[PDB]
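Below: one structure, written as C-alpha cells.
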Amino acid sequence: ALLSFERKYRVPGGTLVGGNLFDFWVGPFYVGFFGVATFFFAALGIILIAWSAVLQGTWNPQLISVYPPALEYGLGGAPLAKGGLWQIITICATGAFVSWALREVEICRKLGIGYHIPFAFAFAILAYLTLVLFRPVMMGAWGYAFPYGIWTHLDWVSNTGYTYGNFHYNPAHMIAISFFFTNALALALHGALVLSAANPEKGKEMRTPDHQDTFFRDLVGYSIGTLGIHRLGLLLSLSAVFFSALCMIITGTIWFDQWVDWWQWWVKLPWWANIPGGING
Amino acid sequence: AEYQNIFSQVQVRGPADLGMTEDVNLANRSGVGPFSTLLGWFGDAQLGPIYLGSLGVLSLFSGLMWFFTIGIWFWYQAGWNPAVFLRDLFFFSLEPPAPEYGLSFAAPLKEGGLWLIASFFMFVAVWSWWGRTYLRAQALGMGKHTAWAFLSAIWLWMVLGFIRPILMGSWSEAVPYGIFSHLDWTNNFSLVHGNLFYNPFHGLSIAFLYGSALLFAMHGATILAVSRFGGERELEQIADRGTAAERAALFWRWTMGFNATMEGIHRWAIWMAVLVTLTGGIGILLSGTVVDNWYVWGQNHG
Amino acid sequence: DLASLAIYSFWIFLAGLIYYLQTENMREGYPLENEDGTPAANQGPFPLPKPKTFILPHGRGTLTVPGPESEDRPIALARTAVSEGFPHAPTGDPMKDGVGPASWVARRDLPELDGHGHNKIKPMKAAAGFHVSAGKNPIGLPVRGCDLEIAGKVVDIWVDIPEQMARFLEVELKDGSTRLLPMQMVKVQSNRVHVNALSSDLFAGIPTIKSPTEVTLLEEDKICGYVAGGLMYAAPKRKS
Ligand code: BCL
Ligand code: BCL
Ligand SMILES: CC[C@H]1c2cc3[nH]c4c(c3C)C(=O)[C@H](C(=O)OC)c4c3nc(cc4[nH]c(cc(n2)[C@@H]1C)c(C(C)=O)c4C)[C@@H](C)[C@@H]3CCC(=O)OC/C=C(\C)CCC[C@@H](C)CCC[C@H](C)CCCC(C)C
Ligand SMILES: CC[C@H]1c2cc3[nH]c4c(c3C)C(=O)[C@H](C(=O)OC)c4c3nc(cc4[nH]c(cc(n2)[C@@H]1C)c(C(C)=O)c4C)[C@@H](C)[C@@H]3CCC(=O)OC/C=C(\C)CCC[C@H](C)CCC[C@H](C)CCCC(C)C
Ligand SMILES: COC(C)(C)C(=O)C/C=C(\C)CC/C=C(\C)CC/C=C(\C)CCCC/C(C)=C/CC[C@H](C)CC/C=C(\C)CCC=C(C)C
Ligand SMILES: CCCCCCCCCCCC[N+](C)(C)[O-]
Ligand SMILES: CCCCCCCCCCCC[N+](C)(C)[O-]
Ligand SMILES: CCCCCCCCCCCC[N+](C)(C)[O-]
Ligand SMILES: CCCCCCCCCCCC[N+](C)(C)[O-]
Ligand SMILES: [Fe+3]
C-alpha cells in the first residue's frame, strides 16, 4: 500500500473544497472532493457512450462513434440520437478534465510543491476546448466539432484538413509542428544525457553534471544546463500545443480558403511581384 | 505571487568554465566564447568552448557543401536575381532524378545529378556527426546513449532518401530538397499509399510524438515544481534520494497510481522519443515495398 | 504477410519494454508497506528488479538499489482513523518535527562536490571571481516575511560554481546569526526580498548549518523542507 517513505507525507490538509471530508486515499490514489467529482463525470460519460453504442447497434470499439449534431441544428440543443448525447458527453469530458486538474492542485498543496503540472495540463484541456467549443461557436454549429470514435476522429482530421487544401500550408500549423519535432529532439537528448552520466562506461565512476555541460559544449559549443533543459522542455511542449490551438481557431473563422493561397501575400509584394523569372514569374 | 523559476531573477557569472578534461584531446577544444546574458535568463550564459577534431571539420565542411550545392541551384532557378530569390524562396526545389534513370548515378546535372551530389554531401555530413556524438562521449567515459538515441533519428532519414529509394528501384522516390516541395511530397506520399492514417506504424509514431510532448511536459513541470528542494540536480538525487525525488514520485503516485524514480523517469523519456522515428521508419519502409495501399491492407490485414 | 508480422512483433517488443521500464522504477521506496511499516501483502505483478550498484565519484563509496530501506529519523505522526487510507496527524509541531510538506530526507551529511572534488555550492564571498552580472543584487536588501514584517538582511549569495547559479540567499537575523533561504522560494524586489512561505517569527526556526562556508545534502533537505512547509503551516500568520 505505501512506498517505503510515504507515511510522513500523508498529513491532513491542502484541500481546496470541503475540508477533511474527502481528505483521504484509496490504495495509492488520492481522492479529495475533486477525486469524487471526476469519478462522477467519468461514470456518467462512459454510460452515455455505451447508450450511444446501442442506438448505433454495435459494441465493437473500432466501430463505435458518437457524432455531434448536424450543422442544421446550429448551436442549439439536438435530440439524443441526433446529437444531444455527444453534447452531454462533451460536457462530461470537460467536467472530468477540469476536475482532474483541480485534484492535481489539491495534491500539490498537500505536498508543498509548485503548480507547474496542473498548469501545463490546462494547455491540453484548452486544445480540446478549442476543437469542441471555441471553434464550433465561433463557426456557428456544434457540427464543426470532431466525433468521439477511434477512427472516425482520424477521419474528421483528414476531411477538415483537406477542406482548406494541403493543411501543411497553414502557417501556425508549420510553427506548431516545429515545436513537436523540436521537443521530441530535446526529450531524446535530455534523457540520453542524464542516463549516460548516471550509467558510464563499465567500471567507471558516476560521471557528474560538470560532465554533462562539457559533453555538450564539446558537441555543439553550448549547454543550456540542468535547470535550463527542464525549463526548455516545459516550454517547447506548452508551445507546441499553444500553436496547435491557434492554427485551428483561425481555420474556418478568419481564413476559409485554401491555405496555400494565403502565401500569395508574400509573393505579391509590389517590389518583386512583377519581376519575371523564378517560379512565380 | 510566488516565484515560478521559469526565468532567473539574479544572474551570476565567474571565470569561464573550460570543463572536465578526462581523455579529451584539449588541443582540439576551442577558446571560450563570449557570455550571453540574454540566454542567461533561461539556461547557461557561457558560450563555448567547442571541440573541433577531424570528424567535426569533415562533418561541418560536408554540411556547408550540401547546403550550398542546394543554394546555387535555387540561385540558378531565380535567374540570379536577388529579388526573385527572395520572392520565390520556398517554391524553389532540388528534385531527384527522373524515374527513367532508376538507381543510376548518370542523370544529367539539371536533371537530377545535382541532387545526388547534395545528398552524397548530406550522407557524409550526418554519419560523421554521428561518429562525433559517440567519440565525444567516449572521451569523457560516458554511456553512449546519445549516439544510440541519435541512431533512431538517422533511421527515418536513412529510410526516406536512401533505403526506400533503393528497394523501389529508383532515386525518384526520394525527398526533394525544398521548403514547400518536401511538404507536397509528404502530402502526396500518403495519397499514393492509400492514406497513411491506416499505416499502423504511422499511428504508433503519432502516439509517441504526442506522448513526447505529454512526457516532457510532465517531467519539466515536475522538476520545476520541486526545484525548491534542488529537484533539478538529478544525478546526486539518483545517488542519494532527496525529498525532491520523493515529493516528485508521490505527487504522481497519488494522481495516477504508479510512479517513476529519478533515473527511471529518464528511461521513460529516452524511449518515448526514440520510438517516434523508430516506428516511423518502419511504417514508411513497408510503404510501397510490401504494402501499396494501407486502406486495402487495413480491410484484410495482409 | 510481412507488415502483419512486423506490427504483431512490435506490440510484443513494446510489452516487454514497458515491463522493463516499470521494474527499473521500482528501484526506490519498494517494496510497499502498511502504515505500520510491516511489508504489504500485494506488491503488484512486477518483481523487484535485480540490484544495480553505482560507483560514486571522489571515493564516496557505492550505492546499491534496490536495497534495505529505512527512514533513519523519527516520524511524529499519529493515525486519525482505525482503517487504512486516512491522514496521519502531526503529534507536535510539523515544522519543528519535519513531517508533512515540511518533510526532509536523511541524505548524507556531506556536501555535493563538483567534477573536481571541490564543494559544488559556496558563499559568493569565498567564490573567487563571481559577481552578480545581471538583475538586482539582493545583497544588502532587507528580508520581509508573509506577515509583512522585516526578518533580516541578505549578507551574501551562495552560488553554484559549476552552473553559475544563485541557489540560496544567506540572511542575517536580529540576533546576528544567519540562515540560508532557497533562491526558489523568494521574490527579489527593487527595495526588498519578500518570502511568502515564512512569517517573520519563523525564520529563527530555519535549521542552521554546522560550518559557515559549506552546506550538506542533509542540511539542504532540512532547510528546503522547512521553508516549503511554511506554505501550509505558517498559513495563519500570512495576510495579504
Ligand atoms: C489533437 C490532434 C487531433 C487528433 C489526431 C490524431 C491522430 C492523427 C492520431 C491520433 C491517435 C490517437 N488519438 Mg487523437 N486526435 C485528437 C484528439 C484526441 C482526444 C481528445 C479527447 O481530444 C483523445 C483522447 C485522442 C486519443 C487518441 C488515441 C485513441 C490515439 C493515440 C493517442 C496518443 O498516443 O496520445 C499520447 C497519449 C498517451 C500515450 C497517454 C495515454 C493515452 C491513451 C492511449 C488514451 C486512450 C483513450 C481512448 C482509448 C478513449 C478513452 C475514452 C473513454 C474513457 C473510454 N485524440 C485531435 C482531434 N489522434 C493516433 C491513433 O493511432 O489512433 C487512431 C493517430 O494516428
Ligand atoms: C498529408 C500528410 C499525411 C502524412 C504523411 C507522412 C509522411 C510521408 C511521413 C509522416 C511522418 C510522420 N507523421 Mg504523418 N501524415 C499525415 C498526418 C499527420 C498528423 C496529423 C494529421 O495530425 C500527425 C500528428 C503526423 C505526425 C507524423 C510524425 C509522427 C511522423 C514523423 C516523426 C518525426 O518526428 O520525424 C521528424 C524527424 C526526422 C525526419 C529525422 C531526420 C533526422 C536527420 C538526421 C536530421 C538532419 C538535419 C539536416 C542534416 C540539416 C541540419 C540542420 C541545420 C544545421 C539547421 N502525421 C497525413 C496522413 N507523415 C513520417 C513517418 O515516420 O511516417 C510513418 C513520414 O515519413
Ligand atoms: C529521436 C527522434 C528525434 C531526434 C533525435 C536526435 N537528433 C539529434 C540527436 C538526437 C538524439 C543528436 O544527438 C544530434 C545532435 O547533435 O543534437 C544536438 C541530432 C541532431 N538533429 C538535428 C536536426 C533535426 N533532428 C530532427 C528530428 C529528430 N531528432 C527527432 C524528432 C529534425 C526534424 C526534421 O524534426 C531535425 C531538423 C541536428 C540539430 C543534429 C544533427 C546535426 C548534424 O548531423 O549535422 C550534420 C551537418 C552539419 C554540420 C550542417 C550544418 C549546415 C548549417 C550551417 C546550415 C544552415 C545555416 C542556417 C541558415 C543557420 C542559422 C540558424 C538560426 C536559428 C540562428
Ligand atoms: C500540453 C502538452 C501535452 C500534454 C500535457 C499533459 N497531459 C496531461 C498532463 C500534462 C502536463 C497531466 O498532468 C495529466 C496526467 O495525469 O498525465 C499522466 C495529463 C493527461 N493527458 C492524458 C491524455 C492525453 N494527453 C494528450 C496530449 C497532451 N498532454 C499534450 C500534447 C493526448 C493526446 C491525444 O495528444 C492524450 C490522449 C491523460 C493520460 C492524462 C489526463 C487524464 C484525465 O483527465 O482523467 C480524467 C478523465 C477520465 C478518467 C476519463 C473521462 C471519460 C470521459 C468523460 C468520456 C470519454 C470522452 C472522450 C472525449 C472520448 C474521446 C475518444 C477518442 C477516440 C477521440
Ligand atoms: C544565401 O545564398 C547561398 C548560395 C550563399 C546559400 O547558401 C543559400 C542556400 C539555401 C537557399 C539553401 C536551402 C536549403 C533547404 C531549403 C534545404 C531543405 C532540405 C529539406 C527540407 C530536406 C528534407 C528531407 C531530406 C531527406 C530525407 C534527405 C535524405 C538524404 C539521404 C538519406 C542521403 C542519401 C544518399 C544519396 C542518395 C547518395 C549516396 C551515394 C553513395 C556513394 C553512398
Ligand atoms: C463546459 C460546457 C460544454 C458544453 C458543450 C456543448 C453544450 C451545448 C449547450 C447548449 C444547450 C442549449 N442552448 C442552445 C439553449 O443554449
Ligand atoms: C512508452 C509507453 C507508452 C506507449 C503508448 C501505447 C499506446 C498507444 C496506442 C496507439 C493506438 C494504435 N494503432 C496501432 C491502433 O494505431
Ligand atoms: C494505467 C493505470 C494503472 C494504475 C495502476 C494502479 C495500481 C493500483 C494497485 C491496486 C490498488 C487497489 N484497490 C483500488 C482495490 O485498492
Ligand atoms: C501508456 C502508459 C501506460 C503505463 C503503464 C502502466 C504501468 C502500471 C504499473 C502499476 C504499478 C503497481 N504498483 C506496484 C505501483 O502498485
Ligand atoms: Fe530530468
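Chain identifiers are assigned as A, B, and so on, following the order in which chains appear in the C-alpha cells; residues are numbered from 1 within each chain, and ligands are numbered from 1 in order of appearance.
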
Using only C-alpha atoms and a distance of at most 6 Å, pull out the residues of chain A that contact chain B, as an MDAnalysis selection string.
chainID A and resid 28:30 113:114 116:117 184 188 191:192 196:197 199:201 214 217:218 221:222 224:225 227:228 230:231 233:234 237 267 272 278

For the selection you just gave me, I'd like the residues written to a file as a compact mmCIF listing (two decimals), in the first residue's frame, keeping N, CA, C and O atoms.
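So result_1.txt came out as:
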```
# COMPACT_ATOMS: atom_id res chain seq x y z
N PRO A 28 -3.02 3.51 -3.60
CA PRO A 28 -2.06 4.57 -3.87
C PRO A 28 -2.71 5.93 -4.14
O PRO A 28 -2.06 6.99 -3.89
N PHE A 29 -3.94 5.88 -4.66
CA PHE A 29 -4.71 7.07 -5.13
C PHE A 29 -5.20 8.03 -4.03
O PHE A 29 -5.64 7.61 -2.95
N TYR A 30 -5.14 9.32 -4.37
CA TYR A 30 -5.70 10.39 -3.53
C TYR A 30 -7.06 10.75 -4.06
O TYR A 30 -7.26 10.93 -5.27
N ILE A 113 4.58 21.51 -3.14
CA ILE A 113 5.31 21.83 -4.37
C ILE A 113 4.64 22.94 -5.19
O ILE A 113 3.53 23.40 -4.85
N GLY A 114 5.32 23.38 -6.25
CA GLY A 114 4.71 24.30 -7.21
C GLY A 114 3.51 23.73 -7.97
O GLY A 114 3.25 22.51 -7.97
N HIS A 116 3.11 23.76 -11.37
CA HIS A 116 3.53 23.76 -12.77
C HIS A 116 2.85 22.69 -13.57
O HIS A 116 2.50 22.91 -14.73
N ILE A 117 2.68 21.53 -12.96
CA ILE A 117 1.99 20.39 -13.60
C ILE A 117 0.49 20.59 -13.94
O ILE A 117 0.13 20.62 -15.12
N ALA A 184 10.53 16.67 -29.19
CA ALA A 184 10.89 15.28 -29.14
C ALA A 184 12.43 15.17 -29.14
O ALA A 184 13.02 14.42 -28.36
N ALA A 188 14.58 13.41 -26.36
CA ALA A 188 15.61 12.44 -26.75
C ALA A 188 16.97 12.73 -26.10
O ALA A 188 17.47 11.95 -25.30
N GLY A 191 17.01 12.93 -21.83
CA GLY A 191 17.05 11.57 -21.32
C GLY A 191 18.39 10.89 -21.52
O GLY A 191 18.91 10.20 -20.62
N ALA A 192 18.94 11.05 -22.71
CA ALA A 192 20.14 10.33 -23.08
C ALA A 192 21.32 10.86 -22.27
O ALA A 192 22.18 10.10 -21.82
N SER A 196 23.48 8.57 -19.63
CA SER A 196 24.88 8.32 -19.97
C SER A 196 25.82 8.74 -18.83
O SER A 196 26.91 8.18 -18.65
N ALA A 197 25.42 9.75 -18.08
CA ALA A 197 26.23 10.20 -16.94
C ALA A 197 26.03 9.24 -15.75
O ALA A 197 26.98 8.82 -15.09
N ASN A 199 25.05 6.19 -15.95
CA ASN A 199 25.49 4.83 -16.40
C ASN A 199 26.65 4.93 -17.39
O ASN A 199 26.49 4.67 -18.60
N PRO A 200 27.81 5.30 -16.87
CA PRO A 200 29.00 5.46 -17.67
C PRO A 200 29.48 4.15 -18.24
O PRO A 200 28.72 3.13 -18.18
N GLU A 201 30.70 4.22 -18.75
CA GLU A 201 31.40 3.05 -19.28
C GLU A 201 31.64 2.11 -18.11
O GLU A 201 31.77 2.54 -16.95
N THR A 214 29.98 19.73 -20.19
CA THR A 214 31.19 19.61 -21.03
C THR A 214 30.88 18.83 -22.31
O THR A 214 31.26 19.25 -23.42
N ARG A 217 29.14 21.16 -24.80
CA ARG A 217 29.92 22.29 -25.35
C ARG A 217 30.92 21.72 -26.37
O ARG A 217 31.23 22.34 -27.39
N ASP A 218 31.39 20.53 -26.07
CA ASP A 218 32.30 19.81 -26.95
C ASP A 218 31.56 19.48 -28.25
O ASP A 218 32.11 19.62 -29.35
N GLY A 221 28.97 23.39 -28.79
CA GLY A 221 29.55 24.65 -28.26
C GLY A 221 28.63 25.40 -27.29
O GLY A 221 28.74 26.62 -27.10
N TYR A 222 27.74 24.68 -26.67
CA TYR A 222 26.84 25.31 -25.71
C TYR A 222 26.01 24.28 -24.98
O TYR A 222 25.61 23.26 -25.54
N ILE A 224 22.76 24.31 -22.45
CA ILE A 224 21.68 25.03 -21.84
C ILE A 224 21.68 24.72 -20.33
O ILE A 224 21.17 25.50 -19.53
N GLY A 225 22.24 23.59 -19.92
CA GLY A 225 22.35 23.28 -18.47
C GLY A 225 21.08 22.59 -17.91
O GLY A 225 20.08 22.42 -18.60
N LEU A 227 18.95 23.25 -15.05
CA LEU A 227 17.73 23.91 -14.76
C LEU A 227 17.09 24.29 -16.09
O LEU A 227 15.87 24.24 -16.24
N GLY A 228 17.96 24.64 -17.02
CA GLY A 228 17.56 25.10 -18.36
C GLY A 228 16.69 24.08 -19.12
O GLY A 228 15.53 24.36 -19.45
N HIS A 230 15.04 21.66 -18.37
CA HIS A 230 13.73 21.35 -17.76
C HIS A 230 12.77 22.52 -18.06
O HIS A 230 11.58 22.32 -18.27
N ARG A 231 13.31 23.74 -18.06
CA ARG A 231 12.51 24.93 -18.41
C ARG A 231 12.18 24.88 -19.90
O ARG A 231 11.09 25.26 -20.34
N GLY A 233 12.01 22.10 -21.90
CA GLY A 233 11.03 21.03 -22.15
C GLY A 233 9.60 21.54 -21.94
O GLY A 233 8.75 21.45 -22.83
N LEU A 234 9.37 22.05 -20.75
CA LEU A 234 8.05 22.55 -20.34
C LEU A 234 7.51 23.51 -21.40
O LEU A 234 6.32 23.46 -21.75
N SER A 237 6.92 22.03 -25.18
CA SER A 237 5.65 21.30 -25.04
C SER A 237 4.50 22.26 -25.04
O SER A 237 3.59 22.16 -25.86
N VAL A 267 4.53 36.63 -52.04
CA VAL A 267 4.98 36.62 -53.43
C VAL A 267 4.47 37.83 -54.23
O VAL A 267 5.05 38.19 -55.27
N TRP A 272 8.64 43.05 -56.03
CA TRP A 272 9.15 41.93 -56.83
C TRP A 272 8.01 41.15 -57.49
O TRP A 272 8.24 40.19 -58.24
N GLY A 278 12.00 32.93 -62.23
CA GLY A 278 11.81 32.22 -60.97
C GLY A 278 10.72 31.17 -61.15
O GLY A 278 10.63 30.51 -62.19
```

Compute the chain C side of the contact with chain B at 6 Å, counting only C-alpha atoms, and hand it back as a count of residues only.
16

Go through B:191, B:207, B:103, B:166 one by one, measure the shortest atom-to-atom distance of each to ligand 4 using only C-alpha atoms and all ligand atoms, and give the residue with the smallest value.
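Of the candidates, the smallest distance to ligand 4 is held by B:207.
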
At a cut-off of 7 Å and counting only C-alpha atoms and all ligand atoms, what residues surround ligand 6? Please answer as a list in words.
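Protein and nucleic-acid residues within 7 Å of ligand 6: residues 75, 76, 77, 87, 88, 90, 91, 94, 95 and 133 of chain A.
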
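Among the candidates C:169, C:95, C:232, C:195, the one nearest to chain A when counting only C-alpha atoms is C:232.
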
Near residue 160 in chain C, counting only C-alpha atoms, which residues have an atom at most 10 Å away, once you skip same-chain residues fewer than 6 positions from it, shown as a ChimeraX atom specification?
/B:12 /C:114,119-124,127,166-168

Kindly provide, as a PyMOL selection string, the residues of chain A having any atom no farther than 9 Å from an atom of chain C, counting only C-alpha atoms.
chain A and resi 1-14+23-28+30+109-113+198-199+203-211+213+225-226

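For the pair CA of residue 215 in chain C and CA of residue 234 in chain C, the separation is 25.0 Å.
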
Could you give me, as a ChimeraX atom specification, each residue of range 95-266 of chain A that DSSP assigns to helix (DSSP H, G or I) when run on this structure's backbone?
/A:95-111,116-139,142-144,152-162,167-169,171-198,209-220,226-249,259-266

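With distances taken over only C-alpha atoms and all ligand atoms, A:177 is the one residue among A:102, A:131, A:177, A:55 lying closest to ligand 2.
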
Surrounding residues of residue 174 in chain B excluding itself and chain neighbours under 3 positions, 8 Å, only C-alpha atoms, as a list in words:
residues 96, 160, 161, 162, 164, 165 and 171 of chain B

Could you find all residues in range 130-204 of chain C that DSSP calls strand (DSSP E or B) from the backbone, and write them as JSON, numbers by chain?
{"C": [131, 132, 133, 134, 135, 142, 143, 144, 145, 150, 151, 152, 153, 154, 155, 156, 157, 158, 159, 160, 165, 166, 167, 168, 169, 170, 171, 172, 173, 178, 179, 180, 181, 182, 187, 188, 193, 194, 195]}

Residues of the last selection are to be written out with C-alpha atoms, as an mmCIF file, in the first residue's frame.
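Result went into result.cif, see below:
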```cif
data_model
loop_
_atom_site.group_PDB
_atom_site.id
_atom_site.type_symbol
_atom_site.label_atom_id
_atom_site.label_comp_id
_atom_site.auth_asym_id
_atom_site.auth_seq_id
_atom_site.Cartn_x
_atom_site.Cartn_y
_atom_site.Cartn_z
ATOM 1 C CA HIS C 131 29.623 38.539 -9.231
ATOM 2 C CA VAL C 132 26.047 39.423 -9.910
ATOM 3 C CA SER C 133 26.165 40.017 -13.675
ATOM 4 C CA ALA C 134 22.502 40.885 -14.208
ATOM 5 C CA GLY C 135 19.352 41.664 -12.273
ATOM 6 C CA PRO C 142 16.001 43.591 3.933
ATOM 7 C CA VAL C 143 14.022 40.403 4.009
ATOM 8 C CA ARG C 144 10.209 40.523 4.540
ATOM 9 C CA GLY C 145 8.055 37.593 5.688
ATOM 10 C CA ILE C 150 11.227 42.529 8.375
ATOM 11 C CA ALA C 151 13.110 39.443 9.471
ATOM 12 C CA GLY C 152 16.723 40.055 8.395
ATOM 13 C CA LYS C 153 19.038 41.181 5.616
ATOM 14 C CA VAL C 154 20.836 39.433 2.821
ATOM 15 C CA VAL C 155 24.509 39.389 3.640
ATOM 16 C CA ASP C 156 25.531 37.070 0.801
ATOM 17 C CA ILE C 157 24.574 34.816 -2.036
ATOM 18 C CA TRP C 158 25.551 31.192 -2.072
ATOM 19 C CA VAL C 159 26.356 30.317 -5.642
ATOM 20 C CA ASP C 160 26.627 27.080 -7.523
ATOM 21 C CA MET C 165 23.625 29.846 -10.450
ATOM 22 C CA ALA C 166 22.263 31.521 -7.364
ATOM 23 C CA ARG C 167 20.987 28.734 -5.114
ATOM 24 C CA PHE C 168 20.425 30.364 -1.732
ATOM 25 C CA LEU C 169 20.260 33.748 -0.056
ATOM 26 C CA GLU C 170 22.157 33.847 3.272
ATOM 27 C CA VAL C 171 20.221 36.106 5.739
ATOM 28 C CA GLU C 172 21.460 37.906 8.985
ATOM 29 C CA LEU C 173 18.688 37.726 11.646
ATOM 30 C CA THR C 178 22.302 33.764 9.632
ATOM 31 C CA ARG C 179 20.149 31.277 7.738
ATOM 32 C CA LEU C 180 20.057 30.105 4.150
ATOM 33 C CA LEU C 181 16.940 30.804 2.114
ATOM 34 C CA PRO C 182 16.356 28.811 -1.105
ATOM 35 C CA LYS C 187 10.927 37.188 -4.689
ATOM 36 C CA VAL C 188 13.764 39.683 -5.097
ATOM 37 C CA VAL C 193 13.290 40.450 -0.697
ATOM 38 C CA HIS C 194 9.860 39.013 0.027
ATOM 39 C CA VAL C 195 9.307 35.471 1.417
#
```

Sort by chain and increasing residue number a table of all residues of chain A within 8 Å of ligand 4, each with its closest pair of atoms and their distance in Å to one decimal, counting only C-alpha atoms and all ligand atoms, and write it as CSV.
```
residue,atom,partner,partner_atom_place_in_ligand_line,distance
A:38,CA,ligand 4,46 (C),6.2
A:39,CA,ligand 4,49 (C),7.1
A:41,CA,ligand 4,54 (C),5.7
A:42,CA,ligand 4,54 (C),4.1
A:43,CA,ligand 4,54 (C),7.0
A:44,CA,ligand 4,54 (C),7.0
A:45,CA,ligand 4,54 (C),4.2
A:46,CA,ligand 4,55 (C),5.5
A:49,CA,ligand 4,55 (C),7.3
A:89,CA,ligand 4,55 (C),6.3
A:90,CA,ligand 4,59 (C),6.4
A:92,CA,ligand 4,54 (C),5.0
A:93,CA,ligand 4,54 (C),3.9
A:94,CA,ligand 4,54 (C),7.5
A:95,CA,ligand 4,54 (C),7.5
A:96,CA,ligand 4,46 (C),4.8
A:97,CA,ligand 4,44 (O),4.4
A:98,CA,ligand 4,44 (O),7.7
A:99,CA,ligand 4,46 (C),7.4
A:100,CA,ligand 4,46 (C),5.2
A:101,CA,ligand 4,13 (O),7.2
A:104,CA,ligand 4,13 (O),7.3
A:117,CA,ligand 4,11 (C),5.2
A:118,CA,ligand 4,13 (O),5.8
A:119,CA,ligand 4,11 (C),7.2
A:120,CA,ligand 4,11 (C),4.5
A:121,CA,ligand 4,11 (C),3.8
A:122,CA,ligand 4,1 (C),7.0
A:123,CA,ligand 4,1 (C),4.6
A:124,CA,ligand 4,1 (C),4.1
A:125,CA,ligand 4,1 (C),7.8
A:146,CA,ligand 4,65 (C),8.0
A:147,CA,ligand 4,65 (C),7.0
A:148,CA,ligand 4,62 (C),4.4
A:149,CA,ligand 4,64 (C),4.5
A:150,CA,ligand 4,64 (C),3.8
A:151,CA,ligand 4,64 (C),7.1
A:153,CA,ligand 4,65 (C),5.7
A:237,CA,ligand 4,2 (C),5.2
A:238,CA,ligand 4,1 (C),5.1
A:240,CA,ligand 4,2 (C),7.4
A:241,CA,ligand 4,1 (C),5.5
A:242,CA,ligand 4,1 (C),7.9
```

Any idea what's packed within 8 Å of residue 247 in chain A, counting only C-alpha atoms, ignoring anything in its chain fewer than 4 positions away? Could you give it as a list in words?
residues 170, 171, 172, 173, 176, 243 and 251 of chain A

Restricting the output to C-alpha atoms, write the selected residues as a PDB file, in the first residue's frame.
```
ATOM      1  CA  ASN A 170      -1.456  26.714 -42.505  1.00  0.00           C
ATOM      2  CA  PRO A 171       1.347  28.882 -41.135  1.00  0.00           C
ATOM      3  CA  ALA A 172       0.621  28.390 -37.413  1.00  0.00           C
ATOM      4  CA  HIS A 173       0.449  24.641 -38.244  1.00  0.00           C
ATOM      5  CA  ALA A 176       3.202  24.111 -34.079  1.00  0.00           C
ATOM      6  CA  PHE A 243       0.241  26.936 -31.654  1.00  0.00           C
ATOM      7  CA  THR A 251      -9.057  27.985 -39.608  1.00  0.00           C
TER       8      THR A 251
END
```

Between A:178, A:167, A:57, A:202, which has the minimum distance to ligand 3 (counting only C-alpha atoms and all ligand atoms)?
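Nearest candidate to ligand 3 out of A:178, A:167, A:57, A:202: A:178.
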